[PDB]
Amino acid sequence: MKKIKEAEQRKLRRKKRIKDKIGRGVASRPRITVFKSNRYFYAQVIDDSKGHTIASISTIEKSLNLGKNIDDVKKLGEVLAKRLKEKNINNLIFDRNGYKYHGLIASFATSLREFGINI
Amino acid sequence: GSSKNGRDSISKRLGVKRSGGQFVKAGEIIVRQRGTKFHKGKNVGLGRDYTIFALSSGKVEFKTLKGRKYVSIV
Amino acid sequence: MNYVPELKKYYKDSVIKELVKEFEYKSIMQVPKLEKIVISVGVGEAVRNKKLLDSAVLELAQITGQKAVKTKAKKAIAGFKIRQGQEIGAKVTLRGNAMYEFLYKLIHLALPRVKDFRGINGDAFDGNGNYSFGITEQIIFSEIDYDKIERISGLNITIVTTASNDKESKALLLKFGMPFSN
Amino acid sequence: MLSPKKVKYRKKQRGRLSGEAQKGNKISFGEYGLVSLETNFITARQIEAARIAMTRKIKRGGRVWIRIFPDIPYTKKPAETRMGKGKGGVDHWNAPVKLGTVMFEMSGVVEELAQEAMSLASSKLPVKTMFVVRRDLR
Amino acid sequence: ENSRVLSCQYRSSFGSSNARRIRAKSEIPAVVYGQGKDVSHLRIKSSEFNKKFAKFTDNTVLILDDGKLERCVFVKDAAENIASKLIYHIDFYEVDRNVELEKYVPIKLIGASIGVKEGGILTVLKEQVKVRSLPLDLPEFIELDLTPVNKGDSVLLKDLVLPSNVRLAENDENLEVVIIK
Amino acid sequence: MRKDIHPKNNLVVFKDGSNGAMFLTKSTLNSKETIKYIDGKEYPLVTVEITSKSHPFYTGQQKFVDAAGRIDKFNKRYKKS
RNA sequence: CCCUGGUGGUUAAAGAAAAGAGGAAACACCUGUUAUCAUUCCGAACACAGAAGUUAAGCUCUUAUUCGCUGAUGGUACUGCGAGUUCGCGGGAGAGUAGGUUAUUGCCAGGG
């Protein structure tokens, strides 16, 4: 009850502070946010001048058939990079979205980095 | 038995310097205050002493959200 | 091998079933379980005697198996002549396998070795399934040796349970065989 | 006497008191009330003089409620001084009353005896008064 | 039955100055709301109101007739100036004339009780009773004579002799209204 | 966790001298003696004189000696006057 | 498209409490601490590795509005001005009363 509620509350507070520390995204340099469920892994690129998701990816996508490991998110970030290049976006701001930059997120981010995306 | 007190500081001239709807250019001071009596919205910045100033030319506007006042340049 | 405490085995293989039947719970893990055991000791006299606090911390380490933390003064007070931030208490948290093993050790071995041990008041419940009670002579635990103690000391034990009421936790403790004075 | 037992500040500025009463203007705890017809200050000590009058007139018949409490210092400079130093010192306590304040309330006794007792009280206050029955019960 | 009827006519002034002028013409501004209708703004004759309802309680119910309609209204509020005995606004809450409704009604104690005569102790446990009736038949106050009530006697709620179409509503019927111990 | 501030926990078999029950319990106490538990596993054996089932509280209850029968004891000798 | 999840926009609480309903997918609970990682002790949180079990809680929806929040129409206070004087013109609360309220919506992903 109260313990789960306060865990949620802490997550929200962290999320909000992160958001206004990094600022909003613009069509030139939109914002990349992630979400880490118990099963999957989601990423969205958002332009807040419109509230529009320019691109997105997740491990639910059957064709990718990745898992939920460091290796899998490496490949997933590769796919995201190749999907964004054809929509000619190279600058992104990395909203860690209430998580700690470590492990899976670290591998995701570095994978977007080796392939010419400025985060 | 004289007066034990009688001591006052110099008035600091706080308050809103540009009224909502006025046209300002970059760098104008909008509010002088102690503390965020008014908070910062789009296109404004907060000085080290909570002064509100305009980052770009535009028109001042005040909004209210959950009872807090926000200053913006639109 | 995932080595498992015998208490965990006993719980998982019987107690879940008996409590489901006995409290007609609809879904299985509506069953109560244990989340943490907090062992606390408050040495206010440590403000004079650092040796007291050091001895308490060390003896807690031998008793449980993991190191303790010395809490500080929340508020500076004069009745006990307390200055805010001074080291006043020491506590240990036990969770999971260590928690189960320590509770087994306690119930079967240390509660027996208490002078005039006639059970434990089966009413020290905070109304929300948390059972807190004291032990005055740590020497009941055979882990610590008698010679090295610098002053006989006691300590409080709080057991935190997922139960929503006292009845559930008392039933779980009785199934565990906790010697309540009844 | 009647006086507050603790104050934030010992001396306060004499306002201008005006207008009728918009609150504390209805009979609440009793049967008969002593409304005022002016706006002025009633000292604590006149308050207790009126209270003695009412209570003594009433031979245990009923109860008396006092609907005002002074809580306002009244300062006065020493006897022989000039206009120099400032804000001399508290002397006695005043309560504020406006046209329509109930000011006094009585319970238990017959209406005639109450009216007599409460004229006896009004004889000692500095404001015009009016004795009112509930005007919505009998 | 007339003594429960009240004549009004509509007003369209709606100002502080306008209301003062009306009261100078010796009338009373008033509003009627309830039953989800649009509020009706009207004015009343002060002399008529004083003559008829000089003793109005929260439970008084009456009839408003604008010459063209009838309304059953409670006196929800009346803004009275005590010093000048001056009414200066009335709020009328309308109810449905044929819908049973509840209302706490005060008691009025009469007679000298034998028990208290002989050494009984008044304890007025209940100052009011929840009754039930159609609006036009609600009792203004329910009477109770204590004269036969001897020592060590409590008053049952059923013991209250009640007007014709008025009925008890208390969940606890056996609670005591006044005791004499 | 970090690992440098913990006494060495060890699986230990506690043997009651009275009832013979043995308890498997991870105690930091190093026992000089070793015992083969039922599970064919070697564990430091610590012999403890008092245990759970041999409570003087669970099983052997209080012996109320000469409290209520005071009348009986006085009757049996000093009653023949 | 609808459901679910994520992420915004518009501000009146879009607030908590209790009761009932579900859970395909999705979300969460949940499982182990062994690898990197974290706690002034604790795998609780954080972190990594996963699919045995469940709506129990979180979550969504439905309830008497139970608490809160919001709240008219009239009237009053107050007030600018006035050769009408407790009056003439204009502005108009707070409290209370009748009520109301358990949000709405943009585009991304999964499958209906």
# chains A, B, ... in the order shown; residues from 1 in each chain; ligands from 1
call {"tool": "interface_residues", "arguments": {"of": "chain E", "to": "chain D", "cutoff": "7 Å", "atoms": "only C-alpha atoms", "output": "ChimeraX atom specification"}}
result
/E:54-57,82-83
call {"tool": "residues_around", "arguments": {"residues": "residue G:35", "least_positions_apart": "2", "cutoff": "12 Å", "atoms": "only C-alpha atoms (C1' of nucleotides)", "output": "PyMOL selection string"}}
result
chain G and resi 33+37+47-49
call {"tool": "interface_residues", "arguments": {"of": "chain G", "to": "chain D", "cutoff": "12 Å", "atoms": "only C-alpha atoms (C1' of nucleotides)", "output": "PDB file with N, CA, C and O atoms (P, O5', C5', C4', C3', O3' and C1' of nucleotides), in the first residue's frame"}}
result
ATOM      1  P     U G  76     -28.607  45.161   0.657  1.00  0.00           P
ATOM      2  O5'   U G  76     -27.544  44.938   1.816  1.00  0.00           O
ATOM      3  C5'   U G  76     -27.957  44.718   3.154  1.00  0.00           C
ATOM      4  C4'   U G  76     -26.844  44.130   3.986  1.00  0.00           C
ATOM      5  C3'   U G  76     -25.532  44.893   3.968  1.00  0.00           C
ATOM      6  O3'   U G  76     -25.523  46.006   4.842  1.00  0.00           O
ATOM      7  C1'   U G  76     -25.111  42.597   3.619  1.00  0.00           C
ATOM      8  P     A G  77     -24.751  47.351   4.431  1.00  0.00           P
ATOM      9  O5'   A G  77     -23.233  47.035   4.781  1.00  0.00           O
ATOM     10  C5'   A G  77     -22.865  46.585   6.075  1.00  0.00           C
ATOM     11  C4'   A G  77     -21.488  45.968   6.083  1.00  0.00           C
ATOM     12  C3'   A G  77     -20.360  46.846   5.578  1.00  0.00           C
ATOM     13  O3'   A G  77     -19.904  47.772   6.547  1.00  0.00           O
ATOM     14  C1'   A G  77     -20.185  44.707   4.604  1.00  0.00           C
ATOM     15  P     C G  78     -19.837  49.338   6.203  1.00  0.00           P
ATOM     16  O5'   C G  78     -18.638  49.452   5.165  1.00  0.00           O
ATOM     17  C5'   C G  78     -17.345  48.959   5.482  1.00  0.00           C
ATOM     18  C4'   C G  78     -16.553  48.638   4.240  1.00  0.00           C
ATOM     19  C3'   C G  78     -16.340  49.786   3.271  1.00  0.00           C
ATOM     20  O3'   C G  78     -15.283  50.645   3.654  1.00  0.00           O
ATOM     21  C1'   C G  78     -17.041  47.872   2.082  1.00  0.00           C
ATOM     22  P     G G  94     -16.435  35.910  -2.557  1.00  0.00           P
ATOM     23  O5'   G G  94     -16.085  35.723  -1.016  1.00  0.00           O
ATOM     24  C5'   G G  94     -14.749  35.817  -0.552  1.00  0.00           C
ATOM     25  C4'   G G  94     -14.694  35.947   0.950  1.00  0.00           C
ATOM     26  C3'   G G  94     -15.456  34.896   1.737  1.00  0.00           C
ATOM     27  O3'   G G  94     -14.739  33.684   1.888  1.00  0.00           O
ATOM     28  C1'   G G  94     -15.982  37.035   2.575  1.00  0.00           C
ATOM     29  P     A G  95     -15.478  32.273   1.694  1.00  0.00           P
ATOM     30  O5'   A G  95     -16.484  32.194   2.923  1.00  0.00           O
ATOM     31  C5'   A G  95     -16.008  32.104   4.257  1.00  0.00           C
ATOM     32  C4'   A G  95     -17.110  32.347   5.258  1.00  0.00           C
ATOM     33  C3'   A G  95     -18.335  31.460   5.129  1.00  0.00           C
ATOM     34  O3'   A G  95     -18.167  30.186   5.724  1.00  0.00           O
ATOM     35  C1'   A G  95     -19.020  33.703   5.338  1.00  0.00           C
TER      36        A G  95
END
call {"tool": "residues_around", "arguments": {"residues": "residue F:14", "least_positions_apart": "3", "cutoff": "8 Å", "atoms": "only C-alpha atoms (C1' of nucleotides)", "output": "ChimeraX atom specification"}}
result
/F:22-25,45-48
call {"tool": "closest_atom_pairs", "arguments": {"of": "chain F", "to": "chain C", "cutoff": "7 Å", "atoms": "only C-alpha atoms", "output": "Markdown table"}}
result
| residue | atom | partner | partner_atom | distance |
| --- | --- | --- | --- | --- |
| F:5 | CA | C:67 | CA | 6.4 |
| F:6 | CA | C:66 | CA | 5.2 |
| F:7 | CA | C:65 | CA | 5.7 |
| F:9 | CA | C:65 | CA | 6.2 |
| F:25 | CA | C:101 | CA | 6.3 |
| F:26 | CA | C:101 | CA | 6.5 |
| F:28 | CA | C:65 | CA | 6.3 |
| F:29 | CA | C:143 | CA | 5.9 |
| F:50 | CA | C:112 | CA | 6.6 |
| F:51 | CA | C:109 | CA | 5.3 |
| F:52 | CA | C:108 | CA | 4.5 |
| F:55 | CA | C:112 | CA | 6.4 |
| F:57 | CA | C:118 | CA | 5.9 |
call {"tool": "interface_residues", "arguments": {"of": "chain B", "to": "chain A", "cutoff": "12 Å", "atoms": "only C-alpha atoms", "output": "ChimeraX atom specification"}}
result
/B:40-43
call {"tool": "interface_residues", "arguments": {"of": "chain G", "to": "chain F", "cutoff": "10 Å", "atoms": "only C-alpha atoms (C1' of nucleotides)", "output": "PDB file with C-alpha atoms (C1' of nucleotides), in the first residue's frame"}}
result
ATOM      1  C1'   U G  33      21.990 -12.712  -5.941  1.00  0.00           C
ATOM      2  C1'   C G  37      26.397  -2.037  -9.631  1.00  0.00           C
ATOM      3  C1'   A G  38      24.287   0.147  -4.815  1.00  0.00           C
ATOM      4  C1'   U G  39      23.428   1.112   0.689  1.00  0.00           C
ATOM      5  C1'   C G  41      23.715  -2.428   8.362  1.00  0.00           C
ATOM      6  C1'   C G  42      19.970  -4.433   4.811  1.00  0.00           C
ATOM      7  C1'   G G  43      19.344  -7.260  -3.212  1.00  0.00           C
TER       8        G G  43
END
call {"tool": "residues_around", "arguments": {"residues": "residue A:79", "least_positions_apart": "3", "cutoff": "10 Å", "atoms": "only C-alpha atoms (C1' of nucleotides)", "output": "ChimeraX atom specification"}}
result
/A:57,64,73-76,82-84,111-112
call {"tool": "residues_around", "arguments": {"residues": "residue B:20", "least_positions_apart": "4", "cutoff": "7 Å", "atoms": "only C-alpha atoms (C1' of nucleotides)", "output": "list in words"}}
result
residues 60, 61 and 62 of chain B
call {"tool": "select_by_dssp", "arguments": {"residues": "stretch 4-115 of chain D", "states": "strand (DSSP E or B)", "output": "list in words"}}
result
residues 20, 32, 33, 34, 35, 36, 40, 41, 42, 43, 63, 64, 65, 73, 74, 75, 90, 91, 92, 93, 94, 95, 96, 97, 99, 105, 106 and 107 of chain D
call {"tool": "closest_atom_pairs", "arguments": {"of": "stretch 24-69 of chain C", "to": "stretch 150-172 of chain C", "cutoff": "9 Å", "atoms": "only C-alpha atoms", "output": "CSV"}}
result
residue,atom,partner,partner_atom,distance
C:30,CA,C:163,CA,8.8
C:31,CA,C:163,CA,8.0
C:32,CA,C:162,CA,5.2
C:33,CA,C:162,CA,5.6
C:34,CA,C:161,CA,4.6
C:35,CA,C:160,CA,5.8
C:36,CA,C:160,CA,5.4
C:37,CA,C:159,CA,4.7
C:38,CA,C:158,CA,5.1
C:39,CA,C:157,CA,4.8
C:40,CA,C:156,CA,5.3
C:41,CA,C:155,CA,4.7
C:42,CA,C:155,CA,7.6
C:51,CA,C:150,CA,8.2
C:52,CA,C:150,CA,7.3
C:55,CA,C:150,CA,7.1
C:56,CA,C:153,CA,7.9
call {"tool": "write_last_selection", "arguments": {"atoms": "N, CA and C atoms", "output": "PDB file, in the first residue's frame"}}
result
ATOM      1  N   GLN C  30      -1.945 -13.712  -0.906  1.00  0.00           N
ATOM      2  CA  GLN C  30      -2.588 -12.969   0.169  1.00  0.00           C
ATOM      3  C   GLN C  30      -2.084 -13.443   1.527  1.00  0.00           C
ATOM      4  N   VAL C  31      -1.459 -14.619   1.562  1.00  0.00           N
ATOM      5  CA  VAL C  31      -0.864 -15.181   2.780  1.00  0.00           C
ATOM      6  C   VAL C  31       0.149 -14.205   3.357  1.00  0.00           C
ATOM      7  N   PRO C  32       0.213 -14.038   4.674  1.00  0.00           N
ATOM      8  CA  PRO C  32       1.246 -13.183   5.263  1.00  0.00           C
ATOM      9  C   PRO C  32       2.634 -13.793   5.137  1.00  0.00           C
ATOM     10  N   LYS C  33       3.637 -12.919   5.132  1.00  0.00           N
ATOM     11  CA  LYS C  33       5.029 -13.336   5.186  1.00  0.00           C
ATOM     12  C   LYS C  33       5.817 -12.257   5.916  1.00  0.00           C
ATOM     13  N   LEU C  34       7.112 -12.495   6.078  1.00  0.00           N
ATOM     14  CA  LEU C  34       7.984 -11.606   6.833  1.00  0.00           C
ATOM     15  C   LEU C  34       8.823 -10.771   5.878  1.00  0.00           C
ATOM     16  N   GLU C  35       8.882  -9.463   6.121  1.00  0.00           N
ATOM     17  CA  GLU C  35       9.696  -8.590   5.282  1.00  0.00           C
ATOM     18  C   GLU C  35      10.994  -8.151   5.942  1.00  0.00           C
ATOM     19  N   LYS C  36      10.989  -7.777   7.218  1.00  0.00           N
ATOM     20  CA  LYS C  36      12.265  -7.438   7.831  1.00  0.00           C
ATOM     21  C   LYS C  36      12.199  -7.572   9.343  1.00  0.00           C
ATOM     22  N   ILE C  37      13.356  -7.868   9.925  1.00  0.00           N
ATOM     23  CA  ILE C  37      13.534  -7.910  11.369  1.00  0.00           C
ATOM     24  C   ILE C  37      14.542  -6.839  11.742  1.00  0.00           C
ATOM     25  N   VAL C  38      14.141  -5.927  12.615  1.00  0.00           N
ATOM     26  CA  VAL C  38      14.991  -4.826  13.041  1.00  0.00           C
ATOM     27  C   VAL C  38      15.403  -5.080  14.480  1.00  0.00           C
ATOM     28  N   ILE C  39      16.705  -5.205  14.706  1.00  0.00           N
ATOM     29  CA  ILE C  39      17.263  -5.341  16.043  1.00  0.00           C
ATOM     30  C   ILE C  39      17.859  -4.001  16.429  1.00  0.00           C
ATOM     31  N   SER C  40      17.338  -3.399  17.487  1.00  0.00           N
ATOM     32  CA  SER C  40      17.790  -2.087  17.912  1.00  0.00           C
ATOM     33  C   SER C  40      18.308  -2.152  19.337  1.00  0.00           C
ATOM     34  N   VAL C  41      19.235  -1.255  19.649  1.00  0.00           N
ATOM     35  CA  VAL C  41      19.707  -1.085  21.016  1.00  0.00           C
ATOM     36  C   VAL C  41      20.017   0.388  21.226  1.00  0.00           C
ATOM     37  N   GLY C  42      19.434   0.962  22.270  1.00  0.00           N
ATOM     38  CA  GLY C  42      19.636   2.363  22.560  1.00  0.00           C
ATOM     39  C   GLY C  42      20.535   2.585  23.752  1.00  0.00           C
ATOM     40  N   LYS C  51      33.174   3.181  24.799  1.00  0.00           N
ATOM     41  CA  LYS C  51      33.377   1.740  24.864  1.00  0.00           C
ATOM     42  C   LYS C  51      32.048   1.000  24.892  1.00  0.00           C
ATOM     43  N   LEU C  52      31.049   1.563  25.576  1.00  0.00           N
ATOM     44  CA  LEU C  52      29.727   0.947  25.593  1.00  0.00           C
ATOM     45  C   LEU C  52      29.188   0.782  24.183  1.00  0.00           C
ATOM     46  N   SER C  55      31.210  -1.772  22.108  1.00  0.00           N
ATOM     47  CA  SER C  55      30.895  -3.127  22.543  1.00  0.00           C
ATOM     48  C   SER C  55      29.529  -3.564  22.044  1.00  0.00           C
ATOM     49  N   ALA C  56      28.539  -2.672  22.105  1.00  0.00           N
ATOM     50  CA  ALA C  56      27.208  -3.019  21.623  1.00  0.00           C
ATOM     51  C   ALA C  56      27.235  -3.332  20.135  1.00  0.00           C
TER      52      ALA C  56
END
call {"tool": "closest_residue", "arguments": {"among": "A:55, A:22, A:32, A:60", "to": "residue G:111", "atoms": "only C-alpha atoms (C1' of nucleotides)"}}
result
A:60
call {"tool": "residues_around", "arguments": {"residues": "residue E:179", "least_positions_apart": "5", "cutoff": "8 Å", "atoms": "only C-alpha atoms (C1' of nucleotides)", "output": "PyMOL selection string"}}
result
chain E and resi 121-125+152-155
call {"tool": "interface_residues", "arguments": {"of": "chain G", "to": "chain C", "cutoff": "9 Å", "atoms": "only C-alpha atoms (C1' of nucleotides)", "output": "list in words"}}
result
residues 32, 40, 41, 42, 44, 53, 54, 55, 56 and 57 of chain G
call {"tool": "residues_around", "arguments": {"residues": "residue G:102", "least_positions_apart": "6", "cutoff": "12 Å", "atoms": "only C-alpha atoms (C1' of nucleotides)", "output": "list in words"}}
result
residues 13, 14, 15, 16, 17, 61, 62, 63, 65, 68 and 69 of chain G
call {"tool": "closest_atom_pairs", "arguments": {"of": "chain A", "to": "chain G", "cutoff": "6 Å", "atoms": "only C-alpha atoms (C1' of nucleotides)", "output": "Markdown table"}}
result
| residue | atom | partner | partner_atom | distance |
| --- | --- | --- | --- | --- |
| A:51 | CA | G:8 | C1' | 5.5 |
| A:52 | CA | G:107 | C1' | 5.6 |
| A:53 | CA | G:108 | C1' | 5.2 |
call {"tool": "select_by_dssp", "arguments": {"residues": "chain D", "states": "helix (DSSP H, G or I)", "output": "number ranges by chain"}}
result
D: 44-57, 111-122
call {"tool": "write_last_selection", "arguments": {"atoms": "N, CA, C and O atoms", "output": "JSON list (two decimals), in the first residue's frame"}}
result
[["chain", "number", "residue", "atom", "x", "y", "z"],
["D", 44, "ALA", "N", -12.70, 46.56, 30.92],
["D", 44, "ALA", "CA", -12.88, 45.35, 31.70],
["D", 44, "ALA", "C", -13.59, 45.65, 32.99],
["D", 44, "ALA", "O", -14.31, 44.81, 33.53],
["D", 45, "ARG", "N", -13.42, 46.85, 33.49],
["D", 45, "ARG", "CA", -13.83, 46.95, 34.86],
["D", 45, "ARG", "C", -15.28, 47.34, 34.95],
["D", 45, "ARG", "O", -15.99, 46.88, 35.85],
["D", 46, "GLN", "N", -15.72, 48.15, 34.00],
["D", 46, "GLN", "CA", -17.15, 48.33, 33.79],
["D", 46, "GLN", "C", -17.82, 47.01, 33.45],
["D", 46, "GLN", "O", -18.96, 46.77, 33.85],
["D", 47, "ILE", "N", -17.13, 46.15, 32.70],
["D", 47, "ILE", "CA", -17.70, 44.84, 32.41],
["D", 47, "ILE", "C", -18.00, 44.10, 33.70],
["D", 47, "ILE", "O", -19.11, 43.58, 33.90],
["D", 48, "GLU", "N", -17.03, 44.04, 34.60],
["D", 48, "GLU", "CA", -17.28, 43.26, 35.80],
["D", 48, "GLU", "C", -18.25, 43.97, 36.74],
["D", 48, "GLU", "O", -18.95, 43.30, 37.50],
["D", 49, "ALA", "N", -18.34, 45.30, 36.69],
["D", 49, "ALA", "CA", -19.38, 45.98, 37.46],
["D", 49, "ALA", "C", -20.77, 45.59, 36.98],
["D", 49, "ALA", "O", -21.66, 45.29, 37.79],
["D", 50, "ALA", "N", -20.98, 45.57, 35.67],
["D", 50, "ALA", "CA", -22.27, 45.14, 35.15],
["D", 50, "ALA", "C", -22.53, 43.68, 35.48],
["D", 50, "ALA", "O", -23.68, 43.30, 35.76],
["D", 51, "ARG", "N", -21.49, 42.85, 35.45],
["D", 51, "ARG", "CA", -21.68, 41.44, 35.77],
["D", 51, "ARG", "C", -22.10, 41.25, 37.21],
["D", 51, "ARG", "O", -23.00, 40.46, 37.50],
["D", 52, "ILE", "N", -21.46, 41.96, 38.14],
["D", 52, "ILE", "CA", -21.90, 41.88, 39.53],
["D", 52, "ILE", "C", -23.35, 42.28, 39.64],
["D", 52, "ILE", "O", -24.13, 41.63, 40.34],
["D", 53, "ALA", "N", -23.73, 43.37, 38.98],
["D", 53, "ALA", "CA", -25.11, 43.84, 39.09],
["D", 53, "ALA", "C", -26.09, 42.76, 38.66],
["D", 53, "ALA", "O", -27.00, 42.39, 39.42],
["D", 54, "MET", "N", -25.91, 42.21, 37.46],
["D", 54, "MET", "CA", -26.82, 41.17, 36.99],
["D", 54, "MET", "C", -26.83, 39.96, 37.92],
["D", 54, "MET", "O", -27.89, 39.48, 38.32],
["D", 55, "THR", "N", -25.65, 39.45, 38.25],
["D", 55, "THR", "CA", -25.57, 38.21, 39.02],
["D", 55, "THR", "C", -26.19, 38.39, 40.40],
["D", 55, "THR", "O", -26.89, 37.50, 40.89],
["D", 56, "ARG", "N", -25.94, 39.52, 41.03],
["D", 56, "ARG", "CA", -26.49, 39.77, 42.35],
["D", 56, "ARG", "C", -28.00, 39.93, 42.29],
["D", 56, "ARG", "O", -28.71, 39.46, 43.19],
["D", 57, "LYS", "N", -28.51, 40.59, 41.25],
["D", 57, "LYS", "CA", -29.96, 40.70, 41.14],
["D", 57, "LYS", "C", -30.60, 39.34, 40.95],
["D", 57, "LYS", "O", -31.69, 39.07, 41.48],
["D", 111, "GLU", "N", -39.05, 36.85, 32.43],
["D", 111, "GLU", "CA", -38.69, 37.97, 31.57],
["D", 111, "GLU", "C", -38.66, 39.28, 32.33],
["D", 111, "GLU", "O", -37.80, 40.13, 32.09],
["D", 112, "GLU", "N", -39.61, 39.48, 33.25],
["D", 112, "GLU", "CA", -39.65, 40.73, 34.00],
["D", 112, "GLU", "C", -38.40, 40.91, 34.85],
["D", 112, "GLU", "O", -37.77, 41.97, 34.85],
["D", 113, "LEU", "N", -38.02, 39.86, 35.58],
["D", 113, "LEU", "CA", -36.83, 39.93, 36.40],
["D", 113, "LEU", "C", -35.59, 40.13, 35.55],
["D", 113, "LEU", "O", -34.67, 40.87, 35.93],
["D", 114, "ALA", "N", -35.53, 39.47, 34.39],
["D", 114, "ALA", "CA", -34.38, 39.66, 33.51],
["D", 114, "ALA", "C", -34.30, 41.10, 33.04],
["D", 114, "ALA", "O", -33.22, 41.70, 33.03],
["D", 115, "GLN", "N", -35.43, 41.67, 32.64],
["D", 115, "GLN", "CA", -35.43, 43.05, 32.17],
["D", 115, "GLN", "C", -34.97, 44.00, 33.26],
["D", 115, "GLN", "O", -34.17, 44.91, 33.01],
["D", 116, "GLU", "N", -35.44, 43.79, 34.49],
["D", 116, "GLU", "CA", -34.98, 44.62, 35.59],
["D", 116, "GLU", "C", -33.48, 44.47, 35.81],
["D", 116, "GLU", "O", -32.75, 45.46, 35.90],
["D", 117, "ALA", "N", -33.00, 43.23, 35.92],
["D", 117, "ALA", "CA", -31.58, 43.01, 36.17],
["D", 117, "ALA", "C", -30.73, 43.64, 35.08],
["D", 117, "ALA", "O", -29.64, 44.15, 35.33],
["D", 118, "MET", "N", -31.23, 43.64, 33.86],
["D", 118, "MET", "CA", -30.39, 44.03, 32.76],
["D", 118, "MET", "C", -30.47, 45.53, 32.49],
["D", 118, "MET", "O", -29.51, 46.10, 31.97],
["D", 119, "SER", "N", -31.53, 46.19, 32.95],
["D", 119, "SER", "CA", -31.46, 47.64, 33.11],
["D", 119, "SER", "C", -30.50, 48.02, 34.23],
["D", 119, "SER", "O", -29.77, 49.01, 34.14],
["D", 120, "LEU", "N", -30.49, 47.23, 35.30],
["D", 120, "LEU", "CA", -29.53, 47.45, 36.38],
["D", 120, "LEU", "C", -28.10, 47.33, 35.88],
["D", 120, "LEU", "O", -27.21, 48.02, 36.37],
["D", 121, "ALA", "N", -27.87, 46.43, 34.93],
["D", 121, "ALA", "CA", -26.55, 46.34, 34.31],
["D", 121, "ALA", "C", -26.29, 47.52, 33.39],
["D", 121, "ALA", "O", -25.22, 48.12, 33.42],
["D", 122, "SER", "N", -27.27, 47.86, 32.56],
["D", 122, "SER", "CA", -27.09, 48.97, 31.63],
["D", 122, "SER", "C", -26.82, 50.27, 32.35],
["D", 122, "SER", "O", -26.28, 51.20, 31.74]]
call {"tool": "closest_residue", "arguments": {"among": "E:175, E:78, E:114, E:6", "to": "residue E:145", "atoms": "only C-alpha atoms"}}
result
E:114
call {"tool": "atom_distance", "arguments": {"atom1": "atom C1' of residue G:4", "atom2": "atom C1' of residue G:112"}}
result
11.1 Å
call {"tool": "interface_residues", "arguments": {"of": "chain B", "to": "chain D", "cutoff": "9 Å", "atoms": "only C-alpha atoms", "output": "ChimeraX atom specification"}}
result
/B:1-3
call {"tool": "decode", "arguments": {"residues": "stretch 57-63 of chain B", "atoms": "N, CA, C and O atoms", "output": "short mmCIF file (atom, residue, chain, number, x, y, z; two decimals), in the first residue's frame"}}
result
data_model
loop_
_atom_site.label_atom_id
_atom_site.label_comp_id
_atom_site.auth_asym_id
_atom_site.auth_seq_id
_atom_site.Cartn_x
_atom_site.Cartn_y
_atom_site.Cartn_z
N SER B 57 13.01 39.11 -26.97
CA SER B 57 11.97 40.10 -27.15
C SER B 57 10.61 39.43 -27.24
O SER B 57 10.48 38.31 -27.73
N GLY B 58 9.59 40.11 -26.74
CA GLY B 58 8.25 39.56 -26.77
C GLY B 58 7.30 40.38 -25.92
O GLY B 58 7.53 41.57 -25.68
N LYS B 59 6.24 39.72 -25.46
CA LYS B 59 5.23 40.33 -24.61
C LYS B 59 5.11 39.53 -23.32
O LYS B 59 4.96 38.31 -23.35
N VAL B 60 5.17 40.23 -22.19
CA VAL B 60 5.11 39.58 -20.89
C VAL B 60 3.75 38.92 -20.71
O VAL B 60 2.73 39.44 -21.18
N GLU B 61 3.72 37.78 -20.04
CA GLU B 61 2.43 37.23 -19.66
C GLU B 61 2.57 36.47 -18.35
O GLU B 61 3.58 35.82 -18.09
N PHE B 62 1.54 36.58 -17.52
CA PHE B 62 1.46 35.87 -16.25
C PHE B 62 0.41 34.79 -16.35
O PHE B 62 -0.71 35.05 -16.80
N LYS B 63 0.76 33.58 -15.94
CA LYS B 63 -0.18 32.48 -15.86
C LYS B 63 -0.24 31.98 -14.43
O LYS B 63 0.62 32.29 -13.61
#
